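Undergrad:
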Amino acid sequence: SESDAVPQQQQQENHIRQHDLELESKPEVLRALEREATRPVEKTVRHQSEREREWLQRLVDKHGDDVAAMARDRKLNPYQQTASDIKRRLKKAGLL
Amino acid sequence: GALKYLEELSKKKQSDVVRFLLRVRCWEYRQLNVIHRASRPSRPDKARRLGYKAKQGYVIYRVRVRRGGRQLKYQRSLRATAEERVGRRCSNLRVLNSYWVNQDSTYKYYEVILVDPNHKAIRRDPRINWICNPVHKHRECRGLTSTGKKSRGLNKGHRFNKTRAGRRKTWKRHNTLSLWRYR
Amino acid sequence: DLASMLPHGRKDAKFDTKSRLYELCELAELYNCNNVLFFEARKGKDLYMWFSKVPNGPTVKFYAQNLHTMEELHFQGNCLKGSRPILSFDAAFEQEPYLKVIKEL
Amino acid sequence: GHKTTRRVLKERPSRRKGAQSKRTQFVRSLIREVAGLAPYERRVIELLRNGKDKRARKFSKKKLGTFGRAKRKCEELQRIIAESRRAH
Amino acid sequence: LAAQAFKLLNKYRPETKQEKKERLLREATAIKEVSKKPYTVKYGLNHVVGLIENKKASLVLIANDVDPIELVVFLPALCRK
Amino acid sequence: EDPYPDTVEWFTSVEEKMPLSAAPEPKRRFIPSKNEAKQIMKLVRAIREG
Amino acid sequence: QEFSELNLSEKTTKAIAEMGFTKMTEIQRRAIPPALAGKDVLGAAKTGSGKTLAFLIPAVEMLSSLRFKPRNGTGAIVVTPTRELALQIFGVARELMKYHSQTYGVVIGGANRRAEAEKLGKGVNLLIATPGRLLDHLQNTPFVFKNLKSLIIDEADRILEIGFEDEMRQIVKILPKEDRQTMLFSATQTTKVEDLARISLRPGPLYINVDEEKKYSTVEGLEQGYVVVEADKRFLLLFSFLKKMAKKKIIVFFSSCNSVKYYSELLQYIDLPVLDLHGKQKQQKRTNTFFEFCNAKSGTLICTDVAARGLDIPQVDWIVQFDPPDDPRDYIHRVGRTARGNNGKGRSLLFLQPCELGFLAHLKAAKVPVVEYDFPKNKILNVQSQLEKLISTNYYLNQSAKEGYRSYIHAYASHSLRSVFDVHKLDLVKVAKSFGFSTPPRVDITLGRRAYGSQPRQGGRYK
Amino acid sequence: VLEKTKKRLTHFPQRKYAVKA
Amino acid sequence: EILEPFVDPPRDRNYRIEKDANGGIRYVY
RNA sequence: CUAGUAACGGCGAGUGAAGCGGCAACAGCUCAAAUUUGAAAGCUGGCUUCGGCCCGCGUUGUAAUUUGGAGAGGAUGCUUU
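Protein chains in written order, with PDB author numbering: chain A, 126 to 138, 144 to 154, 164 to 235; chain B, 2 to 71, 91 to 203; chain C, 54 to 158; chain D, 23 to 110; chain E, 89 to 121, 128 to 175; chain F, 252 to 301; chain G, 111 to 557, 569 to 584; chain H, 105 to 125; chain I, 116 to 126, 134 to 151.
1. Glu-55/D CB to nearest chain E CB: under 8 angstroms?
2. Check whether the Cβ of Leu-52/D lies closer than 8 angstroms to any Cβ atom in chain F.
3. One question on the structure: do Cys-413/G and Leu-376/G come within less than 8 angstroms of each other, judged by their Cβ atoms?
4. My parser needs the alpha helix (DSSP H) runs of 4 or more residues fully inside the stretch 179 to 258 of chain G; what are they?
5. Output needed for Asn-250/G: all residues of its chain with C-beta closer than 6 angstroms, excluding positions within five of it in sequence on either side, in chain order.
6. When you check each C-beta in the stretch 242 to 272 of chain G against every C-beta of chain D, which residues fall closer than 8 angstroms?
7. Quick one: grab the DSSP three-state call for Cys-465/G.
8. Which of the three DSSP states, helix, strand or coil, is assigned to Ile-155/C?
9. Can you pull the DSSP bridge partners for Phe-92/C?
10. When you compare only the Cα positions, how much space is there between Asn-98/E and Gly-409/G?
11. Could you tell me which residues DSSP puts in a beta bridge with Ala-117/C?
12. Just to confirm the assignment, what range does the beta strand (DSSP E) spanning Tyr-129/B have?
13. Strictly under 8 angstroms for the Cβ-Cβ distance: is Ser-524/G near chain C by that measure?
14. When DSSP labels each residue in this structure, what does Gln-123/B get in the three-state scheme?
15. Going by the beta-carbon positions, is the gap between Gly-160/G and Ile-137/G smaller than 8 angstroms?
16. Measuring only between beta-carbons, confirm whether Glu-266/F sits less than 8 angstroms from chain D.
17. Would you please verify whether the beta carbon of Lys-108/H is less than 8 angstroms from any beta carbon of chain A?
18. Opposite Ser-118/B in the DSSP bridges: which residues?
19. Please state if the CB of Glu-140/I and the CB of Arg-148/I are separated by a distance shorter than 8 angstroms.
20. For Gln-15/B, return the contacting residues in chain D, with the cut-off set at a CB-CB distance below 7 angstroms.
21. When the Cβ atoms of the stretch 142 to 160 of chain E are set against those of the stretch 268 to 276 of chain F, are three or more pairs found closer than 8 angstroms?
22. Take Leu-215/A as the anchor and find which of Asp-224/A, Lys-201/A, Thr-221/A has the nearest alpha-carbon.
23. In angstroms with no decimal places, state the Cα-to-Cα distance between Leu-229/A and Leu-235/A.
24. Under DSSP, the beta strand (DSSP E) around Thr-410/G begins and ends at which residues?
25. Measuring straight from C-alpha to C-alpha, what distance separates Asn-144/A and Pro-179/A?
26. Around the C-beta of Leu-140/C, are 16 or more other C-beta atoms found within 10 angstroms, so that it is buried, or is it exposed?
27. Label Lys-32/D either buried or exposed according to how many other C-beta atoms from any shown protein chain fall within 10 Å of its C-beta, with 16 as the threshold for buried.
28. If I follow the unbroken alpha helix (DSSP H) through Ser-106/D, where does it start and stop?
29. Excluding the 5 residues preceding and the 5 following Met-129/G in the sequence, name in chain order all residues of the same chain whose CB lies nearer than 7 angstroms to its CB.
30. Counting only beta-carbon separations shorter than 8 angstroms, does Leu-229/A have a partner in chain H?
31. Under 8 angstroms, Cβ to Cβ, is there at least one residue of chain F near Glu-98/D?
32. Quick one: which chain A residues come within Cβ less than 8 angstroms of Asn-182/G?
33. Which chain C residues sit within Cβ distance under 8 angstroms of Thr-88/D?
34. Give me the Cα-Cα distance between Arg-135/I and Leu-83/C, rounded to the nearest whole angstrom.
35. How should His-520/G be labelled, buried or exposed, when 16 other C-beta atoms within 10 angstroms of its C-beta is the threshold for buried?
36. So the alpha helix (DSSP H) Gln-135/A belongs to, where does it begin and stop?
In C-alpha cells, the structure reads:
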C-alpha cells in the first residue's frame with residue numbers, strides 16, 4: 126500500500147557508487172564469462188608518500204590525538220586542512 | 002573584466018570616444034595600404050571571442066574593400101571578399117576568422133585572424149590541430165567561414181528548408197529519378 | 054485602401070504582438086489619436102480588426118474573412134482620394150444594440 | 023486528451039540566458055558614463071530636457087524602427103537625466 | 089611623484105626567472121637535507143581590474159601610451175568609483 | 252547647442268563602498284602554493300636521478 | 111510520562127535518548143499524544159517550554175511512518191517569525207532526524223535565493239521557513255508541495271506583530287488543505303490570532319492554555335545601563351570590558367548563531383576562557399556547559415538572546431546586550447529582572463551605536479530610569495592589528511567572519527523596531543572593521570502612474 | 105590529447121561487458 | 116512623540139475611479 | 001512514405017516542399033566570457049657529451065578549472081588511477 130501514489134516506490138528494490151555497479164542448462168561460453176566476471180581481482184591498494192608520512196608523524200608527536208588541536212596548529216600544519224581530513228589521513232596511515 | 006568593458010564599448014560603438022577612435026583609425030587605415038599586417042588586434046575582445054590566441058602563429062591582417070553595388093548585387097559579402105583577398109595574399113596561412121573593424125564612405129575595413137599550420141606550437145596545441153589538418157585548405161574560398169555559413173543559410177528550421185543541407189545537393193537529390201529493381 | 058479613403062488618419066506598421074493593448078493606447082496618445090484601427094494577422098491568413106475609441110471608449114473585435122482590394126481590375130470604379138462618403142447604414146444597425154455600438158464606432 | 027500526472031521539472035540553467043547580474047549592470051552603466059551619448063541620443067536628451075516628450079518619442083521611433091525600442095531608449099535616457107539632476 | 093612611486097615599486101619589483109628558479113632549487117635541496131605570503135606588485139590588465147573590482151588594490155598606476163587605448167579608457171573611471 | 256560639452260559624472264559621483272563579487276575566496280589564496288610544491292617535488296626527483 | 115512510555119519509533123526514541131531529554135515537559139507531555147492522534151491543536155505556550163520538540167516529534171514520526179523521500183516534496187512546513195528561531199528549530203530538527211532518512215531544510219529571507227531554489231528542486235520533506243520568503247518560493251519556484259501533511263505555526267503572535275498577515279493568509283489559501291494536521295503555537299491570543307486560527311485550523315481545535323499568566327512585568331524596579339559606542343570600536347570595547355571584569359560572572363547576548371560562533375572562535379585565539387552556547391553544538395554538551403556555568407565561580411557565557419529566552423539565567427554580575435535586542439519590551443522587563451537577580455546587585459547594560467540614540471527617548475516614554483557609561487578611551491585595548499592579521503591569515507576565521515557579518519546585517523534588517531534600528535543609518539565600513547575586515551564583504555542590504574487606458578483584468582491566466 | 109579528455113578517459117574508460125539472453 | 120511605548124511610529135494621479143458594468147473599478151483617463 | 005498534399009502561379013503552360021511515421025548509422029565536444037595571484041605553473045628556436053643549458057614569445061594573457069538541460073567554492077564521506 127502506497128499512501129503517496131508514485132510508481133517509483135513499486136519499482137524500487144542520495145549518493146550512488148559511480149565507478150562501478152553493485153550487481154547481485165546455459166551455454167558454456169556464458170558460464171565462462173560469468174566465472175570470469177565473478178573472479179576476484181587484485182586490490183592494488185593506494186598508499187601514501189614518505190613526506191606525507193613524516194608530516195603526519197610529526198603532527199602526532201606534537202599534538203597527540205587532538206584533531207581540533209592539529210587543525211588549530213599553524214607551523215606544523217601550513218595547508219589548513221580540516222580536522223576530519225587530518226583524522227582520515229591518520230587512520231589511513233595507521234597510527235591513531 | 003577588461004574584455005567585458007571592451008564588449009560594452011563595441012556595443013555603444015556610436016558613442017563619442019569610440020567615434021573619435023574609429024575616425025583616427027580610419028584615417029590611419031586610409032594612409033596605409035589596402036592589405037597590411039597587425040601583430041596585435043584593434044579590438045582584442047572581438048579577436049579573443051573569435052578565437053585569436055597570443056601564440057606564435059596567430060596573425061591579424063587588416064584589409065580595406067570597396068563598398069557599394071556591383091542593380092545586380094554581389095552575393096558574396098565584403099567580409100568574404102576580404103578573406104579571399106587575404107587568402108591569395110598569404111596562401112600559406114589558414115583563415116581562422118574575420119571581424120569588421122571600421123568603415124568609411126568608400127571602403128569597409130576588416131581584420132582577419134590567421135593561423136600558421138606549419139609551426140609546431142600550432143601542431144601541438146590540440147585545439148588548433150584541426151585547422152592544421154589538410155581538409156581546411158582555403159576555407160574562405162570554399163565558403164567555410166562564418167560569412168560563408170551565413171550566406172549559405174546553414175541554419176535549422178522551416179525557414180531554411182532549401183539550404184540547411186546544401187542548396188545544390190538538395191536540388192540534385194530532389195531532381196534525381198531513382199529507379200529500384202522491383203518497381 | 055482604407056488609409057487612402059480616410060484622410061484624418063495616420064498609417065503605422067509592425068506593432069509587436071508581444072506588447073500590450075494599452076501600449077497601443079499610449080501609441081494612440083503619442084499620435085494624439087482618439088480612434089485606433091488595429092489589424093492583427095493570425096496564421097498570416099486570417100484578419101482581425103479592432104475598432105477602439107482610444108481614451109476610455111468601448112472597443113469592437115471583428116474577424117475579416119473575404120478580402121478584395123482596390124488593385125483588382127474587376128471593380129471598374131474610382132473616386133476622389135479623401136472626399137466625403139455617403140454613409141449608407143443598414144436597419145439592423147438602427148434596431149439592434151450591439152449594432153448600435155458598431156454603428157456609432 | 024489523455025489523463026497523465028504532470029511532474030515538476032527542475033529549473034533549467036538556460037533560463038534568463040541574457041543578463042540580469044549586478045556586475046554586468048555596473049559595467050554597462052560605467053561604459054555609458056565613460057563613452058557618452060550618440061548624436062541621436064543627445065538629441066532625444068535635449069528634447070526630454072526641454073519637455074517635448076512626444077517629439078522625443080517620435081524621433082527615437084524614427085531612428086530605431088520599433089515602438090518598444092523607442093520606449094526603452096527613452097527610459098534609459100530619462101533615468102540618465104534624473105541621475106544627472108541628482109548628481110548636480 | 090613618479091620617482092617616489094618608482095622607488096617603492098622597485099623595492100617591490102617581482103622576482104625574476106633566474107632567482108625564482110634559484111629559490112626553487114634552494115627549497116628542493118632543503119627537502120633533500128616556514129615562510130609568509132609573498133608581497134609583490136601585481137601586473138596584468140585583467141588581474142588588476144578584477145583586483146580593483148574586489149577592492150584589494152591600494153594604488154593603481156596606468157600607462158599613458160597603450161596603443162589600443164580602449165584597454166584603459168574605463169580604468170580611471172572604475173578606479174574613481 | 253554647445254557642440255562638445257563637459258561630462259557629468261552622474262554614475263561615478265557615488266563611491267561604492269563594497270566589492271562587486273560575493274563569490275567566496277578559494278583556499279589557494281590563504282594556503283601556500285601547490286604549483287610550487289609540485290615544481291619542488293619534480294626538482295627533487297631530478298636531483299635524486301642526478 | 112516520558113518519551114519512552116509514549117510509544118514512538120525506535121529511531122525517534124534513540125534520537126531522544128542521544129539528545130538527553132528524559133522527563134517530558136508540560137506541553138511535550140500533553141500535546142504530543144493528541145498531535146500523533148491527528149487532532150489539530152492551538153496552544154499558548156511561552157518560549158523555552160520545549161514547543162519546538164513538542165511539534166517536531168509528531169512531524170518527524172509522521173514522516174517516518176508515511177515513508178517520505180526527497181522526491182516527494184515537503185511533508186511538514188514550519189512557519190517561524192525570525193531567522194534565529196528558524197535556525198534554532200533547524201538545529202533541533204537535525205538532532206531529531208540524525209538517525210532518520212527524511213531530509214530537513216531551511217528557507218529564510220536574506221539568503222541565497224538560487225541556493226534555496228536548488229534546495230527545493232532537489233527536495234525537502236521537513237522545511238522550516240519565514241512567512242514572506244516561504245510565500246515567494248511557493249509563488250515562484252518549482253518544487254513539490256502536493257503531498258503536504260503537517261503545518262506548524264510557531265509564535266504566530268510574533269508573526270502578526272511583525273506584520274505578515276497577508277503573507278500568512280496567502281500561504282494558507284495556496285497550500286493544500288485536505289488531510290492536513292494543523293498545529294498553531296502563540297502565547298498571546300488577540301483578534302488577529304483569532305482570525306488566523308479561524309481560517310487556518312479545521313472546525314474542531316484542541317486548545318492548550320497554560321501560558322504563564324503571572325507575568326511579573328516590572329515597570330519601575332529596573333535600571334537600564336547603556337554604553338554609546340562607535341560602530342568600529344564595538345568589539346574592542348567588548349574585549350576591554352571582558353578583560354577588566356574577568357573574575358566576575360558575565361553573560362553577553364549576541365543576535366545570531368554565526369556571530370556567536372565567530373566570536374567564540376576568535377576569543378579562543380585571542381585567549382578568552384569562555385563558555386559558549388550556539389546552535390551547531392550538541393544539545394547534550396550544551397546542557398553540560400550550562401550546568402558548568404551555573405555551578406562555576408567566574409566565567410563568561412557567549413550565548414544569543416533567542417536562546418537566553420529559553421535559558422534560566424542564574425545569579426550573575428553583568429548582563430550585556432551587544433547586538434540590538436530581538437524583542438525590546440520583553441528584553442527590558444525580562445532581562446532587567448534576571449540581571450538585577452533577587453538579592454545580589456546585578457547590572458544590565460546595552461550597546462548603543464551613535465545612530466541608535468532614539469532608544470533613549472523610547473525608554474523615557476517607557477518610564478524607566480537609565481544610566482550611561484563613559485569607557486575612557488585609553489583603557490580600550492587596541493588589538494585590531496592582531497585581529498586583522500588573523501582574519502587575513504586564517505581561512506576558517508575568514509569564513510566565520512563572513513557568516514557572522516552577513517547574519518548580523520540580515521538580522522539588523524529584519525529587526526522589528528526599524529525607526530531606531532534601521533539599516534540605512536549603518537556604516538558598513540565601520541561594522542566590517544569591527545568584525546575585523548578592511549573592506550565590507552558583499553551583502554545585499556535590501557534582503569505611481571500606471572499605463573494609459575489600462576483597465577483592470579477580468580480574465581487570463583498568469584503563472 | 106587535452107588534459108580534461110585525458111582525465112575523463114582515465115577515470116571513466118570504456119567497459120567490456122555482455123547482455124545475457 | 117511616541118504614543119505607545121514599544122511599537123513603531125504608525126505611518134500625482136492620472137486615473138479617476140468609477141464603477142463599471144460588472145461592479146468593478148473602472149478607470150477614466 | 002508523406003506526395004503530386006500544402007503552398008505558389010500569363011491560376012494556362014505549370015511549379016512544388018516540409019513535419020510525422022518505418023528504417024540504415026549513431027558520439028559527443030572545444031572555446032570567449034573568472035584572479036594561478038601564496039609565486040606564467042605555458043610555449044618557439046640553437047647548443048649539446050642528448051642530460052639539461054640558454055635565447056626569445058608572452059601579462060595588450062600562454063598553462064590548469066569552466067561552457068547554461070551547466071558550473072564554481074567550501075564542508076563532507078565514499079570510490080578510481
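Just so you know, even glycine gets a beta-carbon here, dropped at the ideal spot from N, CA and C.
TA: Quick answer:
1. To locate residue 55/D, count along the fourth sequence from 1; it is residue 33. Flagged as an interface residue toward chain E: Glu-55/D, by a C-beta distance shorter than 8 angstroms.
2. Residue 52/D sits at position 30 when you count from the first residue of the fourth sequence. It does: the Cβ of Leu-52/D has a partner Cβ on chain F nearer than 8 angstroms.
3. In the seventh sequence, the residue the question calls residue 413/G occupies position 303. In the seventh sequence, the residue the question calls residue 376/G occupies position 266. Contact flag unset, no.
4. Listed in chain order, they are 193 to 206, 223 to 232, 241 to 250.
5. Against the seventh sequence, residue 250/G aligns to sequence position 140. When the five nearest sequence neighbours on each side are left out, no beta carbon in the same chain lies closer than 6 angstroms to the beta carbon of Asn-250/G.
6. Along the stretch 242 to 272 of chain G, going in chain order, the ones with a CB nearer than 8 angstroms to a CB of chain D are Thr-251, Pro-252, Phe-253, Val-254.
7. Residue numbering aside, residue 465/G sits at position 355 when the seventh sequence is read from its first letter. Shown here, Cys-465/G sits in a helix according to DSSP, grouped into three states.
8. Within the third sequence, numbered from 1, the residue matching residue 155/C stands at position 102. Under the three-state reduction of DSSP, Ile-155/C is assigned to helix.
9. On the third sequence, position 39 is the one that residue 92/C refers to. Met-102/C, per the DSSP bridge assignment.
10. Locating residue 98/E in the fifth sequence gives position 10, where the first residue counts as 1. Locating residue 409/G in the seventh sequence gives position 299, where the first residue counts as 1. Inter-residue distance for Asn-98/E and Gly-409/G is about 52 angstroms (C-alpha atoms, whole angstroms).
11. Taking the third sequence and counting its residues from 1, the one referred to as residue 117/C is at position 64. DSSP output for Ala-117/C lists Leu-100/C as bridge partner(s).
12. Against the second sequence, residue 129/B aligns to sequence position 109. From DSSP, the beta strand (DSSP E) with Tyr-129/B extends over 127 to 135.
13. For the purposes of this step, residue 524/G is taken as the residue at position 414 of the seventh sequence. Cβ-Cβ to chain C under 8 angstroms: no for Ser-524/G.
14. In the second sequence, counting from the first residue as 1, residue 123/B sits at position 103. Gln-123/B falls in the strand class under three-state DSSP.
15. The residue you call residue 160/G lines up with position 50 of the seventh sequence. The residue you call residue 137/G lines up with position 27 of the seventh sequence. It is a contact, given that the beta carbons lie within the stated cut-off.
16. Within the sixth sequence, the letter at position 15 stands for residue 266/F. So no, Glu-266/F is outside the interface.
17. The sequence position of residue 108/H within the eighth sequence is 4, counting from 1. False, the Cβ-Cβ gap to chain A never drops below 8 angstroms.
18. Position 98 of the second sequence holds residue 118/B. Its beta-bridge partners are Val-132/B.
19. Position 26 of the ninth sequence, counted from the first residue, corresponds to residue 148/I. Position 18 of the ninth sequence, counted from the first residue, corresponds to residue 140/I. When the beta-carbon positions are compared, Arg-148/I and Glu-140/I come within less than 8 angstroms of each other.
20. Within the second sequence, residue 15/B is the residue found at index 14, counting from 1. Near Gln-15/B (Cβ distances below 7 angstroms), the residues of chain D are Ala-60.
21. With the cut-off at 8 angstroms, the stretch 142 to 160 of chain E and the stretch 268 to 276 of chain F touch.
22. Against the first sequence, residue 215/A aligns to sequence position 76. The candidate whose alpha carbon is nearest that of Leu-215/A is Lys-201/A.
23. As a first step, residue 229/A is located in the first sequence; it is residue number 90 there, counting from the start. As a first step, residue 235/A is located in the first sequence; it is residue number 96 there, counting from the start. Cα-Cα distance, rounded: 6 angstroms.
24. Position 300 of the seventh sequence, counted from the start, is the residue given in the question as residue 410/G. It spans 409 to 414 - the beta strand (DSSP E) in which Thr-410/G sits, taken as one unbroken run.
25. Translated into positions along the first sequence, residue 144/A becomes position 14. Translated into positions along the first sequence, residue 179/A becomes position 40. Going by the C-alpha atoms only, they are around 28 angstroms apart.
26. Taking the third sequence and counting its residues from 1, one reaches residue 140/C at position 87. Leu-140/C is exposed by the Cβ-count criterion.
27. Counted from its first residue, the fourth sequence places residue 32/D at position 10. Exposed, since its Cβ has fewer than 16 Cβ neighbours within 10 Å.
28. For the purposes of this step, residue 106/D is identified with residue 84 of the fourth sequence, where counting begins at 1. Per DSSP, the unbroken alpha helix (DSSP H) holding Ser-106/D starts and ends at 89 to 109.
29. To locate residue 129/G, count along the seventh sequence from 1; it is residue 19. So the qualifying residues of the chain are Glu-205, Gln-393, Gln-394.
30. Residue 229/A sits at position 90 when you count from the first residue of the first sequence. For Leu-229/A, the answer is no, since every Cβ of chain H falls outside 8 angstroms of its Cβ.
31. Stepping through the fourth sequence from its first residue, residue 98/D is reached at position 76. Interface criterion not met: the Cβ of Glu-98/D is under 8 angstroms from no Cβ in chain F.
32. Mapped onto the seventh sequence, residue 182/G falls at position 72. At a beta-carbon threshold of 8 angstroms, the residues of chain A lying near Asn-182/G are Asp-129, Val-131, ordered along the chain.
33. Taking the first residue of the fourth sequence as position 1, residue 88/D is located at position 66. What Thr-88/D touches in chain C: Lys-67, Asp-69.
34. Taking the ninth sequence and counting its residues from 1, one reaches residue 135/I at position 13. Taking the third sequence and counting its residues from 1, one reaches residue 83/C at position 30. Rounded to whole angstroms, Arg-135/I to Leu-83/C spans 19 angstroms at the Cα level.
35. Numbered from 1 along the seventh sequence, position 410 holds the residue referred to as residue 520/G. Classification of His-520/G: buried, given that the 10 Å Cβ count is 16 or more.
36. As a position in the first sequence, residue 135/A is number 10, starting the count at 1. Looking at the DSSP string, the run of the alpha helix (DSSP H) that includes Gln-135/A is 132 to 136.
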